Structure formats: C-alpha cells, structure tokens
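Comments concern the structure below.
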Amino acid sequence: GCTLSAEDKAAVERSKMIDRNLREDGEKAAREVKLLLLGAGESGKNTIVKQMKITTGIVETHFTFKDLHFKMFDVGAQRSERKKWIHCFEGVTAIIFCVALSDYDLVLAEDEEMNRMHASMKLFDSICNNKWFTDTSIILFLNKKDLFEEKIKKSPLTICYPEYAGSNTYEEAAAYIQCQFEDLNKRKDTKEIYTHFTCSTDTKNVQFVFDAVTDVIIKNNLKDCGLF
Amino acid sequence: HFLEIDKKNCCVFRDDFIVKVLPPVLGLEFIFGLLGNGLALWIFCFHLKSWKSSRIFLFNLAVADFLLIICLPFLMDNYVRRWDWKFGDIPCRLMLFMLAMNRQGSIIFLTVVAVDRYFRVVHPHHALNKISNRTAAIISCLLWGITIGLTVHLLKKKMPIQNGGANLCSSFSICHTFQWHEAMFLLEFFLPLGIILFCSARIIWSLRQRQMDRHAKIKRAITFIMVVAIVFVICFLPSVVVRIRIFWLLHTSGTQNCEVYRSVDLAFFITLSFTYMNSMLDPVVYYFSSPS
Amino acid sequence: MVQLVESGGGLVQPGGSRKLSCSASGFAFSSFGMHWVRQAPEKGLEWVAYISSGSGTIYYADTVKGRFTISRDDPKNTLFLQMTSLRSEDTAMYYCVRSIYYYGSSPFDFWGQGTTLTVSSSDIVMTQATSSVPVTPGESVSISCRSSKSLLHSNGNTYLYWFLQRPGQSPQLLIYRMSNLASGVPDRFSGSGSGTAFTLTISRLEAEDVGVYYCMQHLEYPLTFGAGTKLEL
Amino acid sequence: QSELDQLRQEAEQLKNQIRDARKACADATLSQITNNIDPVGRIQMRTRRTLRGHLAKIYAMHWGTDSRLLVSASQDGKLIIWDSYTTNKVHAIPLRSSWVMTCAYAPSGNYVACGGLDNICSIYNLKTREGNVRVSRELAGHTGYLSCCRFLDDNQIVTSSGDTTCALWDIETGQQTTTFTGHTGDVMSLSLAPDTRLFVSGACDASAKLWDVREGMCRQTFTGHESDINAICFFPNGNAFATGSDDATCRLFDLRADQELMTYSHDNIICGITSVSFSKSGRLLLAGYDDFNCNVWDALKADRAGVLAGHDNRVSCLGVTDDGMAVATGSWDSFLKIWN
Amino acid sequence: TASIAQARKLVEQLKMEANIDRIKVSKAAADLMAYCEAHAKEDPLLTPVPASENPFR
Ligand SMILES: CC(C)(Cc1nc(-c2ccc(O)cn2)no1)C(=O)NC1=C(C(=O)O)CCCC1
C-alpha cells in the first residue's frame, strides 16, 4: 500500500506488466492443437510429416488447416528410456501412430526372431495401455498400402500371422491388420482409435487428422459443461 | 359481487379450492427444492474447488433458484388463510419483487446454459469456448442487472391491496388494463423456448450426423438435453395457455360478468404452482446428473 | 552501444511553446523508465518529470506541473517533452535519463548528452556543506552530504545516489543506494553513512575525476539533488 | 569366448572382496549409536508465500546464494526469477524449446542455465548493459536429454544426460573438458560437494558414483536401491549424501566407510521420491513424493517428524536456502510454496 | 571384441576402487552426530526463530 517506497512501487508495476505478458502468451498457446508422432523408423513417418506440412532431440512441425494451427512433435531421436520423459506429453490432443503395411514379412535387423510387425504391435500395446495416456485418442495410419497390394501376391500373410485364414485380396488382409491393431486396446470405453489407409493420398491425410481432432475437441468441450 | 376496484375496473376473487389443494403441494415443493438447492450450493462452494465459466453459469442459476425457494412459506401462510396478507406492507412488495426477479433470472440462466452447450457442440473451435472466469462473472453480473432493472417497477406498488375487509398481494388479477407485465410473462416463455429448441435441435442433429452417437456415453448427453427441453415445456406451458384463454375471454366477453373469470382464475392460480417444479427439479437434472 | 540523443532547443520567446524529443538506440527502450533533468546556467541539477515503463505512471515537479507534458513512443523509441507557456526561469540544458526498477537494479545509470533551450529575456532538502575544495593528485578527499529527513526505510535500504559531472560532460552515476558502486566506476570511490549524514571517499585522486559531485535522494517523489561541491586542482 | 569369462570371474571376486571389506568395517549402525539421543519435537511449518504465474507443470527450481531470489522452470516455455520476500517477478525468460526439465542459478548471481528434451544446455546472461536477458552460450555435445546441471563458477558447469554420461564444460569456448562414462543407465541427478572438488550422480541403474572433477574418474560406486534413483544430495558436512529412489525409500551413504548407513521408509509410503534435500545443520531430511506430499525425516533415527501437505499434484522439486530459513516446493499443479 | 576393452576397463576400475582405505561405521556415525550437535543453534528450521527475525513473517 502506502508503506512501499518509490522503487518498491516501480518494481510492483514491473511485476504486473510481466504478469499481463504471461497471460497473453498463455492464451496464445492455448489455441493450438499439439500432436505426438510415433512409430518405428521404417514405418513411413517421413511421407506423413512431409504431406501434412507442405542434430538430435525433439523435432517440432508446424502447419495450419482451416484457420486451426497444428504442432506435431517427433521424438524418434530420443534413444533413452520412454518412461523418464513420456509423462512430458500427457495433455497432448492426440497421438499419431504410423505403421508400414509392407513389412509383414521383413524382420528387424537387431534380432532375427523378433518380427517387425510384431515389434510395431508391441510398441502400440505399450503406448496404448500407459497410465499417462488413458483418455488420449490415437490416430493410426497404415502407410505402405500399395506395396502391400503388390507383395501379398506371392507372400502369404501366414508368414506373420500363423492363424490367418483369409485370401490374397487386399481388402480382407487390410481388415485383418486393422482388427489386430484395434484389439490391442483394453480401455475401449474412454478413448478411440482412428485407422486410415493411405499410400499416395493427397490432402486426405490432413482432412482425416482434422476430423479426428474435431471429434476429440468436441468430447473435451463436453467435459467443461458437465454434459458428458 | 365478485368484483373489486384497483386503479381501473379489476375483477379479483377469493376461493377455497386453492386452500384445499395448494398448501400441501407447496410444502412438498419447498421441502424437496430447498434441500436440493442447498445441497447443490454446498457442493459447489466447498466440495469442488475447480470452477469454470459453465460452472459459473450453473452456480448463478442455483443461487437464483435458492432465492426463489426461500420465500415459499410466505405464500403458504397467504394460502392457508384464504386471502389475508397479515405480514405487513414492505414484505408484500419485497416478496413480489423476489418472486418476479428469481423466476426471470432462472429462465434467463437456463437459456444461457443452453446457448453455451450449443456453442460447445456445433462450433467447437470458437473463441467463446475458452473464456476466463472474470468475463463469465461480468456477463453474469450484466444479466443480473438486466433482470433487476426489469423487475424494479414492482418495488413501487402502492402497498397491500385490500378487497373488502381482506388483504392480498396478488398482481396476477383479471384486470381490465393493458399492463406490460402480462406481456413479459408471456415473452419470457415464448422467446427462451424458441432459443432452447433451436439450440437443442442443432446439437442433436450435429452430434448425430458426425457418427458420434455410436459412443456409449454420448447417448446419455442426448437424453439429458431432451429431458431439459421437455421439463422446461411441461413446467411453463399450462400457465401461458391458461393466461391466453383468460386474454381471449377478456377480449371477447368483457368484465361485466366474472363467473367464467372465477373458473379461469382457479385454473391459473393452480397452474402457477407448477412453475416451482422447475426450481425443485433442475438441481438433480443439472448439478447432480452431471458426472463430476 | 547505448546512446541517447535529444533534439530541439534553441531560442524561444516568453509565452511560446516548444517541444523536445529524445531518440534511443542500443537498448530495450520499452523496459526502462525515463526522466527529464534540467540544469540552469551556473546552477545545479533539478528533476523535471518521469514516465514509467508502459506509461502507467507519470510524475511532474511542482515548478512545471500543469504546463509540461511527457509521453513516449515505444515503437519509434522516442521520448517527448511538450512544453507550454515557457518562462524566463525555464532556461536550462535538459537531459534524458534512463532508469529501470527491480530488485538489485541501478537506476539513473545512463544520462544522454543534453540539449540547450534558452528563453529570450514537504519536500526533502539535501545540503552539501562545502562548495569548493582544493585537491592534489594522490591524496584523499571526503565529500559530505546531509538530509533533512532520514533516507533509511523499513526494508533496510538507504536511498542515496552519488553523481559526478566532469567539465563539459553529462553527469555519471558513481554510487547507488549509498553503498553500491556503479558498473564501470573504478574501485577508488566508497560510500558510507547512517540515516541522515552521508559521505563519499576518494583514494588516490587522479586528474580525470575532478569535477562536481551531487547527492540525490530517491525515497519520495519529487527527487531532489544537493548543491554540488567542486573539486578544483 | 574364454578370456572374457576370466575377466568376468576376476571382476566377480573383486566385488566379493570389496563386500567383505565393507562387512569388516560395518560393526555398528547409526541407529544403534543414536538410540539415546532425544528426538526433535513435532515440526509444524506453514505456508508463508504462494508464487503464481506459471501455466503448466513446474519441473525444477533453484535458490540463489543470497537466500532471497530463486529461479523456476516450467513446461509452458518460461523461466521465471522470483523475489521470495515480496513475491515480485524480476525476470521472465522465454525459451526456444519448451521441453525443459532442469534449471540452475550461478553462485555469483550473473547467469542462469536450463536444458531439456532438446539435448542442449543454454546459458543466459542476466546482467547486460541493455535491459533484456539474452542467450550467451549453447552447449550441444550430449546425445540425450539434459536431466540436471550445476554451476561451479561463472566459467564452468557440469551436466548429466540420458545418454548415461556426465560432462564438464568450458562456457567461454563452449567445448567439453571432461567426460564421465561409468554409468550404464540414464543419469537423472547430480550434486556438487560444498567445496566443489567432488560430485555424485544417480542413474537409472540403481547405483550412485562419486567423481573427481580434476582427474575425471569414479573413485567409489554405491549400491542398495532396488529401483531408479531420482534425487541425490550431499550432507552439509561433506562426507555423506542421501538418495531417493522409485522404491519409496531414501538411503544415506558415507564416503569414508564406503557403504550404506540407514534407510528411511514407512509401510504407508508406496510412491516414488522426486526430490531430496537437507536442512542447514543436516538434522532434518526433506523429501518430495508422488502422493502429493512432502515428509520431514529425523536424519539420525529414521522417524518421521512432520508433513508438508499443500499441493494438489506431484511434488516435482524442492530446495532449502543457504541460511536455512525457508523451504521451497514446486509441483505439477503449477504453484510454488515457501514454507517456514 | 569391442567390449573387451570395456571389460578390461571395468576390471581396472574395480582394482582402482578397492585400494581405498575404509573407516569403521561407528566413527563415521560419531562424526555425523558431532556435526549435527555442533550446529544445532544455527538451524532455523529445527528451532523456530522469533517472528521479529523471520523475513517471511
Ligand atoms: C408479482 C408477480 C410476479 C406479478 C408481476 N410480474 C411482473 C414482471 C415480470 C417480468 C418483467 O420483465 C416485468 N414485470 N410484474 O408483476 C405475481 O403475480 N406473484 C404471485 C405468485 C407467483 O408468482 O407464483 C403467486 C400467486 C399470487 C401472485
């Protein structure tokens, strides 16, 4: 009050200006949608990130669509344990997971026994049922669709799934893959998985991400008025 | 006979069907509604410490309902004895002001909650969805001020009005003037109902054409919206239709007779009791049915 | 580097207005408060006006309040002083001083090279006893200043400042808050005092630091300077 | 593969004789010796200040050596310096990367350093001729995230990283001077000895090591935790340190006897420990937990002496001033509290 | 054989850290006790200082 000296009053005024700047920055940063891109190295994240957006550490990608701003963080360069830094990303709007369909017969270089698609499924199982991501929706992309269509002509899906009993048609094998990934989810009552098949599609990926994000944002807006 | 004199020719009544029926239903309404609104206010003020704009609007609606409920025993005493205002002069117009202001405020805040929900569902990426507590409080205060300014004209009524040796505080009397309060009584139902129906229909249509209602918990929100839009109608329709019947009778026949006016007055003063059903019912509908 | 340049001045007749502007370059202008200080010919310093960061607070001295107005143009890095109805006693050389206030900061740390305006034809009082002191290089001198009201505050800060104005140069801060040496000032000046009496000590006096020394208080607005003591060889 | 087996067996026998020597030097216990010391009374310290202005989780804080100013870092890409006596904000520094998880304050008071998931340690100059705070150096040697950093003086700084290494830097040139490679898990914390000649680090392999700054070698390795070590701190005397791991316990080690002294745990305690600090005389041992609380331990008899309960989320960091007057706590609920 | 150098380094390290001379636990415990007792007066968190001396009053 009036017990403050002149310099104390000026310091208080400085603090008030810092507070208003902080509030303005917070409101500016509250508008944007932030996504966490994941997936193995050969999954196909490169085409994904270069088709929405047109030495080490986190890589941040910024694009826009229909006056809504997006930010996509890639953490592929962090070879550390996931458990010590994954809780930094609780509160992301959604998680984008990329998988390559054409690796159902290829095996990882590190180990011969561990099949590559099984490694992707194990990573998906670890990410989905994590206590930091209970209510975070997952946008799942299946990428190498055309190579899948070309390669199922001579490579049976039994090489990866011994109990497969379908055919060499692309659509039914794709459905089997989608069912295999979407059934690793155990919550099933608080988050959803949005699967989409894209190989050379243009502007379909951005529209699909936009629709999934709008759905998530609607269900989040229902969580402030108590209607949900 | 069955005629009274106010500022103009003005046919007032006294009946015993009202004392037969109304006091028990008002007592039960007061008990349950006061309990519900008090529990809601307690939970809001102490049990949960995380407030937002929607909770601000819900809290304003709750306090308006509570202020409406705290004046029901006065009506109970005004009804147990047929029509005899033995509580004074200031309490009369004060209680009338409280009733009018609280009813209008409850309706206004129901409409504001409906508009908030419509903006949250149909336009998800809107600046209106992300506002601080300060501006929500400012808008709430502006709405409160509008209601108060609309209602202030009842604080200058010329004391309790006496019909013969009796006393009564009623201002809803079949009365051959062209007062604006009947127009406001009709409008505060007609316009908010249209706004609520528009918002609810658009919400349902949008949530259903996005293939979103397949979700197991969206359906509960759909049912809750339908329930609110139905409760408003069934709480505020009979009063308006009875008043319109009264208006047609007054426009056609005239005030020379009053027997049909007697029957319609009985009907109106019975259907007014259903208005407090909204105040006693919306706690469970709004504050208690919400998951957290 | 840091630079402050004022423009305007010249010859003005009584009753006529004139406007002064100061251009800043080399520092974050919007984070600093700014002052105007005038010096009459053959007199001492006298505070004039102040405007805070963000233009939220403005103070004027009583001698000019109601006649002058101060404003700042943050995008253009310019401070203005619009003077109206000038008087024969408004003839002085006006300085622009920058000051920033937070815990541990040093206000009044940079004085611009001023501009001259000549016109054609209660408050704490600060006193410095002596006015002229003969000095020899290598010796020690003790400038003394005294205040009518205690400059000590409940928080423990003593709000006394020491300035030096060499012949033909702008004033320069030496000691802030009675004990803290300024940034570029050599470790030869010392500040001491308690409550109402203050002293400034110089050891190994050299040729470059002869001039006029002023004490200033920053406890209450308006800010008041002492009458400087001239060290002469 | 025969000679490798010989090396493994020789290492195993070396470890066996090390443990034999530790047992030879372990006749008594601190609990047995301190059995007849009067306990300190129930400790009731209350919140004196609440610092508001961060809009995300607080990950780190650090006191200045004047015991008045402190710095805190948050995930909202801001680094704030506070005046704790007045709650005035002195500086607000926006970061290039918002994924910060460590911050430090130079003892001289001239610099502040922060780093995180960008694998870079950034130094900020607070006292410039201009009014603003500017970046003065970025150190870009690590290949994993920065988990902790501590100044030695205005020209040297030591950092720990998720690539299982610690390093020592020269600020002016910007080059690594020394590398510490003994650990086989992510290094999560470090603490500097009061005379800045040794330091200890705790890694996700459930071990702590003592390093010499000059030579750059691990003199001693400590074990005993069953989970990852998250926090570490020297005893003020300089001959002991305490560690807090994910197995819900704190432990105390001494350098001269080269083994564990005493364990701090309770049956009702189940969550992990985020931070650990000592009081000015070393009698109290404060610890932050995941169960939203903070416990005060009698460091000489292992019984709880108080609770600091005012946070709605995880206690992420805490520190004690040099003069021992106050304790600061930061939390994931975005608030800082000054206790006393 | 990349880790052969690493294994030899580990063996050399284990040789290095064993040569240190140790001290009985009782003596170190006594040292901590003496330090804690000597600085008991200079510890405001243990024993509250008067409110006239507390800067956070
Ligand atoms: C005073 C009041 C509310 C009539 C009135 N309303 C307005 C008005 C409203 C809105 C607006 O914008 C302008 N004016 N002016 O007067 C009234 O009849 N109360 C009584 C009862 C009840 O309400 O249940 C029980 C039966 C006995 C009478």
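Count begins at 1; order follows the chain as displayed.
A Cβ is built for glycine as well, from the same backbone N, Cα and C atoms used for every other residue.
According to Swiss-Prot:
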MOD_RES   D:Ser2  N-acetylserine
MOD_RES   D:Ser2  phosphoserine
MOD_RES   D:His266  phosphohistidine
REPEAT    D:46-94  repeat 'WD 1'
REPEAT    D:95-140  repeat 'WD 2'
REPEAT    D:141-181  repeat 'WD 3'
REPEAT    D:182-223  repeat 'WD 4'
REPEAT    D:224-267  repeat 'WD 5'
REPEAT    D:268-309  repeat 'WD 6'
REPEAT    D:310-340  repeat 'WD 7'
> Residues sitting near the repeat 'WD 7' (D:310-340): Cβ under 8 Å, six or more positions beyond its termini, same chain?
Replying inline: 45-52, 54-63, 65, 67, 70, 72, 74, 82, 84, 274-275, 277-281, 286, 288-290, 292-294
> How long is the line from the C-alpha of D:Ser2 (N-acetylserine) to the C-alpha of D:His266 (phosphohistidine), rounded to the nearest angstrom?
Replying inline: 47
>> Among all protein chains shown, how many Cβ atoms are found within 10 Å of the Cβ of the residue listed as 'phosphohistidine', not counting that one?
In response: 13
> Looking only at residues six or more beyond either end of the repeat 'WD 4' (D:182-223), which have a C-beta under 8 A from one in the stretch?
Replying inline: 144, 147-148, 150, 152-153, 158, 160-166, 168, 229-234, 236, 238, 241, 243, 245, 253, 255, 258-260
>> Quick check on the repeat 'WD 2' (D:95-140): DSSP residue counts for helix, strand, coil, in that order please.
In response: 0 helix, 23 strand, 23 coil
> For the repeat 'WD 7' (D:310-340), DSSP counts of helix, strand and coil?
Replying inline: 0 helix, 15 strand, 16 coil
> What is the number of residues in the repeat 'WD 4' (D:182-223) that are helix, strand and coil, as DSSP sees it?
Replying inline: 0 helix, 24 strand, 18 coil
> Quick one: DSSP breakdown of the repeat 'WD 3' (D:141-181) into helix, strand and coil?
Replying inline: 0 helix, 22 strand, 19 coil
